[PDB]
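A.B. asks:
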RNA sequence: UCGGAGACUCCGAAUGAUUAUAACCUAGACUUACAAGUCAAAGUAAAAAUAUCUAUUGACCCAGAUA
Ligand SMILES: [Mg+2]
Ligand SMILES: [Mg+2]
Ligand SMILES: [Mg+2]
């Protein structure tokens with residue numbers, strides 16, 4: 046009576062949505078399933114209010130905004146926070162670090178070179194064909213050592229947990245990466261046909277001091293998958309004292325024509341083809357008398373569709 | 105072996121290879137198999153017939169592709185989305 | 100058919116007919132029950148040489 | 094049922110069964126759904142779909158019909174092109 | 049007739065199993081549980097039935113449901129009982145058909 | 039060959055692998071309850087008293103990608119937090135975040151009055167021109 | 014009372030389906046699916062099957 | 112011959128089918144439009 | 001005889017109106033002596049997914065109709 050009644054469905058929807066998140070004792074579906102900078106913002110906002118043109122655009126609803134400036138600014142402030150969710154959604158933290166999660170701090174920019182006119186940016190989680198990945202991607206980031217490597221989380225075939233690395237760069241001084249020793253040489257992505265989309269991630273680790281990486285070094289070129297594979301969590305554990313992750317960029321890859329060339333020419337193995345197999349259908353145990361069941365009942369339990377004549 | 109398949113017309117061999125390159129073995133010999141019967145004769149018939157279809161489809165030009173299905177439509181959207189994404 | 104030929108109960112060198120199938124007890128035929136002959140079947144083609 | 098007929102001294106088939114049911118050599122019996130031709134204008138489409146089907150018989154009903162039919166109706170019939178060729182046998186049944 | 053809960057909690061439920069039949073909407077459909085015209089509830093995927101109570105938000109189009117929801121006071125929030133079937137099988141697995 | 043050796047059964051660990059393929063499950067129930075749960079991703083846009091925000095969330099409800107006018111970078115470049123163009127701007131901004139993220143298909147189910155809203159129509163137009171599709175494909179069996 | 018009538022496909026096929034209409038209404042015409050033609054076509058009343 | 116007669120018969124009617132469908136649709140519209148012509152508009156005019 | 005309500009007392013029916021007309025095929029189940037009666041994914045096909053409430057029965061034989 047005294048309490049107000051919803052006059053709009055939306056306010057009730059907000060109340061309903063809020064309650065769903067809130068815990069309840071009864072079983073529910075969810076269970077089962099600085100200051101100076103702020104002052105600068107106020108000054109900028111006051112300028113926007115004063116601007117007559119901005120008011121004219123708003124009333125005429127013709128205003129436009131440069132997304133590029135916002136995109137660059139977005140990365141600086143809460144990019145880390147949004148980037149963390151992107152990686153968190155894709156489960157990169159849990160698989161790579163065995164459940165450990167690191168917030169990204171240093172933006173990681175990598176773009177795959179296509180010819181010379183332009184180079185495709187490696188947007189987080191974006192799909193990139195292996196064909197374009199033929200050339201080693203250009204890596205751009207700001208640094209004052214560092215180590216950056218490409219990891220195939222689910223690429224590995226023989227062992228589920230194991231992963232394959234395209235290449236590993238160690239002892240990177242400042243921005244320049246040529247000086248840092250290339251422990252592993254680049255190899256084109258080789259996702260198998262029928263294995264589905266493969267998530268490939270790039271991890272950048274700050275290096276406090278130079279460390280011996282004799283184990284990391286691989287013969288150039290190395291064509292042994294067993295030699296190539298290692299555990300990222302184990303590798304981080306060895307150098308965890310002086311190595312801490314700061315940059316994460318990942319992309320999505322699927323089978324393409326270029327993959328066929330890689331498997332035989334240099335990988336020197338026959339390409340693996342995979343088929344999606346759904347669980348076989350369920351039927352009740354066949355009865356000697358299928359009472360009330362149509363004549364098709366027998367065809368359900370016959371494996372062979374061709375006539376058999378037995379002794380005759 | 106496609107290279108030693110002199111019986112097949114040489115120009116068409118080029119077209120068949122690329123169109124169905126996936127079925128082509130690493131050595132370059134087309135590999136095709138069928139498993140749908142208990143009689144090798146009927147299974148073999150499938151293997152031979154697919155060769156004839158491949159030769160016929162390659163020799164003939166299907167001028168009209170007409171429309172595509174849902175699967176191809178999704179792929180086309182994916183490719184278009186990627187092209188705009190690579191602004192840099 | 101192959102099993103019968105193997106054991107010497109059908110003479111492959113001679114022509115085969117319904118009489119020589121019945122004589123070698125290869126098949127059993129009942130004319131009174133609407134039998135109109137013998138139909139060859141595809142089962143066993145691979146082993147047939 | 095005529096258990097012993099005067100002229101021959103044999104059991105007699107009931108022809109009401111021969112005109113309604115089909116026996117597969119395994120021992121199953123087929124039948125139609127009563128009323129599948131009756132008052133179709135007031136039956137729902139799903140209802141009509143069920144009626145058109147051929148249905149099996151129970152152990153009791155199958156046992157009854159086997160008492161009302163003679164062995165001649167329980168033999169193997171080698172019909173060329175038979176549309177019931179594949180259904181005369183049971184496969185992959187453990188019981 | 050004989051309306052009741054056919055499948056109790058903890059019971060394995062196959063694709064087409066009918067969870068329950070109700071003369072009226074005593075139990076509302078849940079995730080992966082289709083609703084029949086006769087209002088009977090049938091499962092859609094293999095799973096384990098679990099009953100929960102969740103906030104009921106009606107579709108905007110129907111007038112009667114919207115009017116009743118508005119009539120409720122601001123503080124009060126209504127609830128309904130739902131039948132859910134948690135999927136218990138993986139939709140598919142990956143196998144190597146052939147090595148080419 | 040050691041390289042040739044491969045386990046008969048592959049185990050792709052990517053949560054999004056099956057969904058991109060198209061075989062991932064969808065909630066096919068909730069017949070009596072609206073909004074429908076038949077969506078891999080749902081794009082919910084909330085209009086507050088002073089701010090309008092758009093969020094893309096998975097079945098679990100976690101917001102994979104979020105665009106909000108309250109964020110400093112956008113509002114510094116945006117004259118009035120609540121406006122029809124502001125809804126247009128956030129739509130384009132969210133689309134770019136969605137496109138770079140790799141999520142190109144979502145399901146958005148506005149209410150009848152929400153659908154009638156010009157701002158939502160304008161924001162939806164931004165998604166279409168940006169390449170974001172508001173209708174997802176049906177699951178394949 | 015209502016009369017049962019036979020609506021006949023006008024596409025030249027023999028397909029027909031019986032429907033019900035009120036005796037006081039005009040002859041009913043209803044687009045319907047013709048299985049033979051695998052297309053929708055008009056169905057027109059031909060005969061009065063009975064009165065119900 | 113019967114099959115050919117059957118086939119040609121269906122084709123001829125099918126060629127004429129689109130016009131008949133439009134005519135049937137037109138009649139339904141003509142009935143529907145007239146129903147609301149005086150259902151409320153006549154009442155509104157009377158109220159005026 | 002069927003079904004609705006009450007806990008035997010009351011109400012109805014052998015359904016009518018509205019229906020831009022509602023396919024085929026096929027996993028799994030409900031109900032049930034038998035017979036009858038219910039719900040339905042997938043696949044496929046028309047079209048641009050469920051007819052609308054309230055509720056509604058009659059077997060076999062045998063006669064009618066049609067292309
Ligand atoms: Mg014999
Ligand atoms: Mg029964
Ligand atoms: Mg279906």
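Residue numbers (the deposited numbering), protein chains in the order written: chain 6, 46 to 78, 99 to 209, 213 to 380; chain p, 105 to 192; chain M, 100 to 148; chain 3, 94 to 188; chain W, 49 to 148; chain P, 39 to 179; chain 1, 14 to 65; chain q, 112 to 159.
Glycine is no exception: its CB is placed at the ideal position from the N, C-alpha and C atoms.
May I have the straight-line CA-CA distance separating residue 141 (chain p) from residue 147 (chain p), to the nearest angstrom?
C.D. replies: Position 37 of the second chain, counted from the first residue, corresponds to residue 141 (chain p). Position 43 of the second chain, counted from the first residue, corresponds to residue 147 (chain p). Going by the C-alpha atoms only, they are around 6 angstroms apart.
A.B. asks: Can the beta-carbon of residue 364 (chain 6) be found less than 8 angstroms from the beta-carbon of residue 318 (chain 6)?
C.D. replies: As a working mapping, residue 364 (chain 6) is identified with position 296 in the first chain. As a working mapping, residue 318 (chain 6) is identified with position 250 in the first chain. Not a contact, by the Cβ cut-off of 8 angstroms.
A.B. asks: Taking Cβ-Cβ distances below 7 angstroms as the criterion, which residues of the segment 126–142 of chain p are in contact with chain W?
C.D. replies: Residues passing the 7 angstroms Cβ filter: 129, 135.
A.B. asks: Tell me the DSSP bridge mates of residue 127 (chain W)?
C.D. replies: As a first step, residue 127 (chain W) must be located in the fifth chain, where it is residue number 79. For residue 127 (chain W), which the question treats as bridged, DSSP gives the partners 103 (chain W).
A.B. asks: Taking the DSSP output, what are the residues bridged to residue 93 (chain P)?
C.D. replies: Within the sixth chain, the letter at position 55 stands for residue 93 (chain P). Bridge partners of residue 93 (chain P): 82 (chain P), 104 (chain P).
A.B. asks: I'd like the list of long-range same chain contacts for residue 256 (chain 6), defined as Cβ closer than 7 angstroms, with 5 residues on each side in sequence excluded.
C.D. replies: Against the first chain, residue 256 (chain 6) aligns to sequence position 188. Closer than 7 angstroms at the Cβ level, and outside the excluded window around residue 256 (chain 6), lie 195, 198, 199, 326, 330.
A.B. asks: Which residues have a Cβ closer than 7 angstroms to any heavy atom of ligand 1, listed in chain order?
C.D. replies: Neighbourhood of ligand 1, defined by CB distance below 7 angstroms to any of its heavy atoms: 127 (chain M), 128 (chain M), 129 (chain M), 132 (chain M), 134 (chain M), in chain order.
A.B. asks: Taking CB distances under 8 angstroms as the criterion, tell me whether residue 160 (chain p) reaches chain P.
C.D. replies: Position 56 of the second chain, counted from the start, is the residue given in the question as residue 160 (chain p). No - not a single Cβ of chain P is within 8 angstroms of the one on residue 160 (chain p).
A.B. asks: Among the residues of its own chain, which have a CB less than 6 angstroms from the CB of residue 48 (chain 6), if the five just before and after it don't count?
C.D. replies: Position 3 of the first chain, counted from the first residue, corresponds to residue 48 (chain 6). Only residues of its own chain outside the window of five on either side were considered, and among them none has a CB closer than 6 angstroms to the CB of residue 48 (chain 6).
A.B. asks: Under 8 angstroms, Cβ to Cβ, is there at least one residue of chain 3 near residue 31 (chain 1)?
C.D. replies: In the seventh chain, residue 31 (chain 1) corresponds to position 18, counting from 1. Taking Cβ atoms only, chain 3 reaches closer than 8 angstroms to residue 31 (chain 1), which makes this a yes.
A.B. asks: Quickly, what does DSSP pair residue 362 (chain 6) with across the bridge? List them, please.
C.D. replies: On the first chain, position 294 is the one that residue 362 (chain 6) refers to. Answer by DSSP bridge pairing, in chain order: 148 (chain 3).
A.B. asks: Any chance you could list the beta strand (DSSP E) runs of at least 3 consecutive residues sitting entirely within the segment 115–172 of chain p, in chain order?
C.D. replies: none
A.B. asks: Just curious, the beta strand (DSSP E) that residue 137 (chain q) is in, first and last residue?
C.D. replies: In the eighth chain, the residue the question calls residue 137 (chain q) occupies position 26. Not the beta strand (DSSP E): residue 137 (chain q) falls in the alpha helix (DSSP H), residues 113–150.
A.B. asks: Alpha carbon to alpha carbon, how far is residue 77 (chain 6) from residue 119 (chain W)? Give it in angstroms, no decimals.
C.D. replies: Here the question's residue 119 (chain W) lines up with position 71 in the fifth chain. Here the question's residue 77 (chain 6) lines up with position 32 in the first chain. If I take the Cα positions, the gap works out to 31 angstroms.
A.B. asks: In chain 6, which residues lie less than 9 angstroms from residue 140 (chain M) when you measure between Cβ atoms?
C.D. replies: As a working note, residue 140 (chain M) is residue 41 in the third chain. Residues of chain 6 passing the Cβ test: 375, 377, 380.
A.B. asks: With DSSP as the reference, label residue 122 (chain M) as helix, strand or coil.
C.D. replies: By one-based count along the third chain, residue 122 (chain M) stands at place 23. Residue state, collapsed to three classes: helix.
A.B. asks: Would you please state the rounded distance, in angstroms, between the beta carbons of residue 193 (chain 6) and residue 218 (chain 6)? I believe it to be under 8 angstroms.
C.D. replies: In the first chain, the residue the question calls residue 193 (chain 6) occupies position 128. In the first chain, the residue the question calls residue 218 (chain 6) occupies position 150. Actually they do not touch by this definition, with Cβ atoms about 12 angstroms apart.
A.B. asks: For a contact defined as C-beta to C-beta under 9 angstroms, what are the partners of residue 150 (chain p) on chain 6?
C.D. replies: Your numbering for residue 150 (chain p) matches position 46 in the second chain. By Cβ distance, chain 6 contributes nothing, its closest Cβ being about 14 angstroms from residue 150 (chain p), past 9 angstroms.
A.B. asks: Under 9 angstroms between beta-carbons, which chain 6 residues line up against residue 192 (chain p)? List them in chain order, please.
C.D. replies: Taking the second chain and counting its residues from 1, one reaches residue 192 (chain p) at position 88. What residue 192 (chain p) touches in chain 6: 176, 183, 184, 185, 186.
A.B. asks: If I measure Cβ to Cβ from residue 401 (chain 6) and keep anything under 6 angstroms in the same chain, skipping five residues before and after, which residues do I get?
C.D. replies: In the structure as shown, chain 6 begins at 46 and stops at 380. Residue 401 (chain 6) is therefore absent and cannot be evaluated.
A.B. asks: Against chain 6, with Cβ distances strictly below 8 angstroms, would residue 106 (chain p) count as a contact?
C.D. replies: Taking the second chain and counting its residues from 1, one reaches residue 106 (chain p) at position 2. Not closer than 8 angstroms to any Cβ of chain 6, the Cβ of residue 106 (chain p) fails to qualify, so no.
A.B. asks: Comparing the C-beta of residue 189 (chain p) with each C-beta of chain 6, is any distance below 8 angstroms?
C.D. replies: Residue 189 (chain p) sits at position 85 when you count from the first residue of the second chain. So yes, residue 189 (chain p) belongs to the interface.
A.B. asks: Within 8 angstroms (strictly less), CB to CB, does residue 111 (chain W) reach chain 6?
C.D. replies: Indexing the fifth chain from 1 puts residue 111 (chain W) at position 63. Residue 111 (chain W) does not count as touching chain 6.
A.B. asks: If we cut at 8 angstroms on Cβ distances, does residue 144 (chain p) have a partner in chain M?
C.D. replies: Within the second chain, numbered from 1, the residue matching residue 144 (chain p) stands at position 40. True, the Cβ-Cβ gap to chain M drops below 8 angstroms.
A.B. asks: Say the cut is 7 angstroms; is the CB of residue 360 (chain 6) nearer than that to a heavy atom of ligand 2?
C.D. replies: Mapped onto the first chain, residue 360 (chain 6) falls at position 292. Because some heavy atom of ligand 2 lies under 7 angstroms away, the Cβ of residue 360 (chain 6) counts as near it: yes.
A.B. asks: Residue 164 (chain P): buried (16+ other C-beta within 10 angstroms of its C-beta) or exposed?
C.D. replies: Residue 164 (chain P) sits at position 126 when you count from the first residue of the sixth chain. Answer is buried; the Cβ neighbour count reaches 16.
A.B. asks: If you compare alpha carbons, which of 145 (chain P), 117 (chain P), 43 (chain P) is closest to residue 110 (chain 6)?
C.D. replies: Here the question's residue 110 (chain 6) lines up with position 45 in the first chain. That would be 117 (chain P), whose Cα lies nearest to the Cα of residue 110 (chain 6).
A.B. asks: Taking residue 137 (chain M) as the reference, which of 117 (chain M), 109 (chain M), 113 (chain M) has the closest Cα?
C.D. replies: Translated into the one-based positions of the third chain, residue 137 (chain M) becomes position 38. Nearest of 117 (chain M), 109 (chain M), 113 (chain M) to residue 137 (chain M), Cα basis: 117 (chain M).
A.B. asks: Hey, residue 100 (chain W) and residue 132 (chain W) are a contact pair by Cβ (cut 8 angstroms); roughly how many whole angstroms apart?
C.D. replies: As a position in the fifth chain, residue 100 (chain W) is number 52, starting the count at 1. As a position in the fifth chain, residue 132 (chain W) is number 84, starting the count at 1. Beta-carbon to beta-carbon, residue 100 (chain W) and residue 132 (chain W) are separated by about 6 angstroms, close enough to satisfy the 8 angstroms threshold.
A.B. asks: Decide if residue 146 (chain P) is buried, meaning its Cβ has at least 16 other Cβ atoms within 10 Å, or exposed.
C.D. replies: Within the sixth chain, the letter at position 108 stands for residue 146 (chain P). Classification for residue 146 (chain P): buried.
A.B. asks: Interface residues of chain p around residue 332 (chain 6) at Cβ under 7 angstroms?
C.D. replies: Here residue 332 (chain 6) corresponds to residue number 264 of the first chain, with the count starting at 1. In chain order: 130.
A.B. asks: Beta-carbon within less than 8 angstroms of residue 120 (chain q)'s beta-carbon, same chain only, minus the 5 sequence neighbours each way: which residues are those?
C.D. replies: As a working note, residue 120 (chain q) is residue 9 in the eighth chain. No residues qualify anywhere along the chain.
A.B. asks: Going by CA-CA distance only, name the one from 163 (chain 6), 51 (chain 6), 142 (chain 6) that's closest to residue 304 (chain 6).
C.D. replies: Position 236 of the first chain, counted from the first residue, corresponds to residue 304 (chain 6). Cα-wise, what sits closest to residue 304 (chain 6) is 163 (chain 6).
A.B. asks: For residue 310 (chain 6), tell me which candidate among 131 (chain 6), 356 (chain 6), 239 (chain 6) has the shortest Cα-Cα distance.
C.D. replies: As a position in the first chain, residue 310 (chain 6) is number 242, starting the count at 1. Of 131 (chain 6), 356 (chain 6), 239 (chain 6), the residue nearest in Cα terms is 239 (chain 6).
A.B. asks: Can you give me the start and stop residues for the beta strand (DSSP E) that residue 168 (chain P) sits inside?
C.D. replies: The count along the sixth chain starts at 1 and reaches residue 168 (chain P) at position 130. Looking at the DSSP string, residue 168 (chain P) is not in any beta strand (DSSP E); the run it does join, the alpha helix (DSSP H), is 156–168.
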